[PDB]
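**Q** To start, I am sharing the structure in question, which I have written as structure tokens.
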Amino acid sequence: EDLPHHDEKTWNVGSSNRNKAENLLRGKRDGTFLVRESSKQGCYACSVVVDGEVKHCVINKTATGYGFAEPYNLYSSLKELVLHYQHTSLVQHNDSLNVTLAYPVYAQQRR
């Protein structure tokens, strides 16, 4: 059916505090991830949950920055980042993050 990626609130929880994020990250099966801001700083970051621990991936939008974007790959919008980040394995990070952003943190809850 429709994918919850079209919904920003499904993975966007910038309003959630870092401590609140732990609760959101806690109780979630591996694969679930959330996107949030540095709160007051313009820096962005998404946290993911792994069978091993909760992680805080960093994302940064700049004239030429976004977090995921290398000469080989270059994401123009965050919406595309979330879609591909679900098909990309985080293992590459710390060479031990065997997981893929599979479902938004607020995907199961809809208004």
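In the structure tokens, chains take the letters A, B, ... in the order shown, each chain's residues start at 1, and ligands count up from 1 in the order shown.
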Give me the residues near residue 15 in chain A as a PyMOL selection string, where near means some atom within 9 Å (using only C-alpha atoms) and where sequence neighbours in that chain fewer than 6 positions away do not count.
**A** chain A and resi 36-37+39
**Q** Please return, as a ChimeraX atom specification, all residues of range 79-108 of chain A that DSSP assigns to helix (DSSP H, G or I) on the basis of the backbone.
**A** /A:79-87,93-95
**Q** Take the selection from the previous step and output its residues with C-alpha atoms, as a JSON list (two decimals), in the first residue's frame.
**A**
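Now in selection37.json:
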[["chain", "number", "residue", "atom", "x", "y", "z"],
["A", 79, "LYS", "CA", 13.36, 11.80, 1.49],
["A", 80, "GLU", "CA", 15.66, 9.90, -0.90],
["A", 81, "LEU", "CA", 18.13, 9.35, 1.97],
["A", 82, "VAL", "CA", 15.50, 7.57, 4.07],
["A", 83, "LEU", "CA", 14.39, 5.43, 1.11],
["A", 84, "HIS", "CA", 17.93, 4.30, 0.15],
["A", 85, "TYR", "CA", 19.11, 4.19, 3.80],
["A", 86, "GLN", "CA", 16.48, 1.44, 4.18],
["A", 87, "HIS", "CA", 18.12, -0.58, 1.40],
["A", 93, "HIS", "CA", 29.56, 1.99, 10.10],
["A", 94, "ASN", "CA", 31.72, 0.65, 12.94],
["A", 95, "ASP", "CA", 31.77, -2.39, 10.63]]
**Q** As number ranges by chain, please: the residues near range 61-74 of chain A (cut-off 9 Å, only C-alpha atoms, same-chain neighbours under 3 positions excluded).
**A** A: 42-45, 57-58, 77-78, 81, 85
**Q** So the first atom is CA of residue 7 in chain A and the second is CA of residue 59 in chain A; what is the distance between them in Å, to one decimal place?
**A**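 For CA of residue 7 in chain A relative to CA of residue 59 in chain A, the distance reads 18.6 Å.
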**Q** Among chain A, which ones does DSSP assign to strand (DSSP E or B) (computed from the backbone)? Answer as a ChimeraX atom specification.
**A** /A:12,32-38,41-49,54-59,62,65,69-70,73-74,91,97,103-104
**Q** Between A:105, A:31, A:23, A:38, which is the closest to residue 91 in chain A once you count only C-alpha atoms?
**A**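 Of A:105, A:31, A:23, A:38, the one nearest residue 91 in chain A, counting only C-alpha atoms, is A:31.
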**Q** Name the residues in contact with range 24-26 of chain A at a cut-off of 8 Å, using only C-alpha atoms, excluding same-chain residues fewer than 3 positions from it; report them as a ChimeraX atom specification.
**A** /A:20-21,32-34,47-49,54,105
**Q** Go ahead and compute the interatomic distance for CA of residue 111 in chain A and CA of residue 8 in chain A, in Å to one decimal.
**A**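 Interatomic distance, CA of residue 111 in chain A to CA of residue 8 in chain A: 12.6 Å.
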**Q** May I ask for the distance between CA of residue 109 in chain A and CA of residue 10 in chain A, given in Å to one decimal place?
**A**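 So the answer is 7.8 Å.
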**Q** I need the residue nearest residue 46 in chain A from this list: A:107, A:98, A:16, A:92. Use only C-alpha atoms for the distance.
**A**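 Checking each candidate against residue 46 in chain A, we get A:16 as the closest.
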